[PDB]
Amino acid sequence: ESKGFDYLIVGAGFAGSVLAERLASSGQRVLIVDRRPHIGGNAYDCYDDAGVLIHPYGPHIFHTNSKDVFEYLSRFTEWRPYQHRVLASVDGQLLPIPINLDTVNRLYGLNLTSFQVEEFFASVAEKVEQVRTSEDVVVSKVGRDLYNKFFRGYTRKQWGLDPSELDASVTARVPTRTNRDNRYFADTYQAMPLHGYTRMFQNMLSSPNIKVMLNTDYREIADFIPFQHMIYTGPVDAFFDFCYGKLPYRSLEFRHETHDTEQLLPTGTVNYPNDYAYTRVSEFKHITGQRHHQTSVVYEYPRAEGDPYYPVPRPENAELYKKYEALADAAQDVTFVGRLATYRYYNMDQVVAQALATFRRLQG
């Protein structure tokens, strides 16, 4: 039709890359761009100095209930079945989280059945008018003491806020159980890409219709490169030059280490609600299924400043986003999709859905 590209996609993570593949399979000329020197966004993996497969930006475990998302992804990767399991260091023990029958019995030295632990949870639970805060969701189900041990400290360390300063959506992510299930997810499809996300993303972007541009801020090229439409997957407040001020995103620092032993942790991840500066340690071999004479772990330190990783879900922040959203829905030739761009605390599968949905919209 004209010079340049039909689409200019800003960001090569799940949001941007899914659309890039859909548009290009549809015959669109697509330029995908990322300020980072690699594709895959947060989900990027690679081999470290020791030859172990890791995630530079923390542990990404894939899980979904969407047969459609799982089948779409199945087009670009084979799978390694895996059901993630997390232990929480509490009172010098490693207990299951989410809280379940075993957590209670092990913590207090009880012997409740699955039927009795309901009466117990009910016997300590705090009555809450209406549930609004992350404090509310937890305390109204399992009571004050279990809240202090598992949720209050972790949350304050992770967010820099009390759970009461956070939307109930936040801690509602980790629901309590009364059975003896110890998986962090009870999703239908739990599995990791056989050869890593990066290999999966490379297939996703392999069309002749797709051009990949790296180490590039869209603003550096958007001036002299012709494109008929733009898909932005970065932060919003930044897209509109913070005109309304800074939309708060919580950040992280990662400290990777390699140990001359086959196994360091009992599970993929151990949470630290009450001790240490880090929130958790992850061991990639548990996740990937890789065999190696050594192992590599990563420690996560929450940070107020740095690359945005988490939207900060709270009443005041929801308001501030709306104003930016208004500008966004107003943007004539720009479509906003992704965790950062639409300010949603989304998992990988959720972003893939929202991207696939957005694709269908771009075709009436």
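One-based numbering along the sequence shown.
J.: Quick check: 237 to 245 versus 107 to 115, which has the larger average CA B-factor in the record?
T.: Comparing 107 to 115 with 237 to 245, the higher mean C-alpha B-factor belongs to 237 to 245.
J.: Higher mean Cα B-factor in the deposited model: 181 to 189 or 217 to 225?
T.: Comparing 181 to 189 with 217 to 225, the higher mean C-alpha B-factor belongs to 217 to 225.
J.: Report the option among 319, 45, 300, 48 whose CA atom has the maximum B-factor in the deposited record.
T.: Answer for 319, 45, 300, 48: 319, with the highest C-alpha B-factor.
J.: Per the coordinate record, which of the options 61, 328, 52, 39 holds the highest CA temperature factor?
T.: Highest C-alpha B-factor among the listed options: 328.
J.: Looking at the temperature factor on the CA atom of residue 315, which third of the chain's modelled residues does it land in?
T.: Tercile = highest for this residue's CA B-factor.
J.: Which third, lowest, middle or highest, does the C-alpha temperature factor of residue 132 belong to within its own chain?
T.: For residue 132, the deposited C-alpha B-factor lands in the highest third.
J.: State the tercile, meaning the lowest, middle or highest third, of residue 91 with respect to the CA B-factors recorded for its chain.
T.: Its C-alpha B-factor belongs to the middle third of this chain's values.
J.: Residue 161: which third of its chain by C-alpha temperature factor?
T.: Ranked within chain, residue 161 CA B lands in the middle tercile.
J.: Compare the C-alpha B factor of residue 173 with those of the other modelled residues in its chain, then answer lowest, middle or highest third.
T.: Middle third, going by the recorded CA B-factors of the chain.
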